[PDB]
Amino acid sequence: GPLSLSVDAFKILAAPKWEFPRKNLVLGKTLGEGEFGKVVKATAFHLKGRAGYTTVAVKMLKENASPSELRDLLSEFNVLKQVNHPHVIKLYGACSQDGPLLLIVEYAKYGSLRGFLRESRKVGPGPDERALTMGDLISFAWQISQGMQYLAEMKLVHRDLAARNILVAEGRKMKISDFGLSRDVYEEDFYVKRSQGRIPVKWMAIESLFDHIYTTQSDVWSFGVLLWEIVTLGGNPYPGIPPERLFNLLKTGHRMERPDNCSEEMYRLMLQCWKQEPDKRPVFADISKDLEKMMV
């Protein structure tokens, strides 16, 4: 099948620019389990010319992986070789032979954006008094917008943009991650999937949910939901609404209401990302500019 060809090709290939000796990698605690597999903290000796040990993260298959999970791992590997941007998680290498496949990536010290925002709720007296300033939250959104503009410029649809898939690294810098589901879109400008997708329902654009069409403009939809997560410090979208109810809810034009601690200007941006007609939504270059207007 397609996967056996991919596995067979990937094994035959050498790729010295990315192979890393397994003996030079030491794995540590688990940082979390996502889709495709788990992530652990690790340290790497003599990595990409860096003398001594470097702290890294390691993406590997989970126990009892399926073909779909193995395909996502290889698909994330292949995508990460092609991208290089300050707000996109960085690949350092991989371990293929004499053991299970490991992807070595930049370590993000603060973890996922969602967890970082939820943890910030515990700082201070209570919900009516936050520890992150609105200006800090806008900066995060802007940083992510810049990374998406870059990914769109090279014809990649991320498909899975959400706070759980954004990493916060040294200096509170945003790093887009979780590229297992992203798809190259150079030829046609869209990606279509016949099967039911594995993106959470509550982040999917209405044309991806009904018609299975993914484009840069459905990425903008998800970015609109991401803005909602950020502004709510990691809230859960469409609270109390079962995912199965979203089909009818979105079809009839309903959208999430303006949340607490959200300016009217920021809400106008959210709603524009959720327009039913994809071409009526802004492009990421315009989202960046609109976020800049909110900066002081």
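In case it trips you up, residue 1 is the first one in the sequence shown, and so on.
- Stretches compared: 93 to 101, 137 to 145. Higher mean C-alpha B-factor in the entry: 93 to 101.
- Higher average CA B factor: 127 to 135, of the stretches 127 to 135 and 154 to 162.
- Among the modelled residues of the chain, residue 197 sits in the middle third by CA temperature factor in this PDB entry.
- Among all modelled residues in this chain, the alpha-carbon of residue 122 has a temperature factor (C-alpha) in the highest third.
- Annotation for residue 180: C-alpha temperature factor in the middle third relative to the rest of the modelled chain, per the entry.
- Residue 274 sits in the lowest third of its chain by CA B factor, as recorded in the PDB entry.
- Compared with the other modelled residues of the chain, the Cα B-factor recorded for residue 54 ranks in the lowest third.
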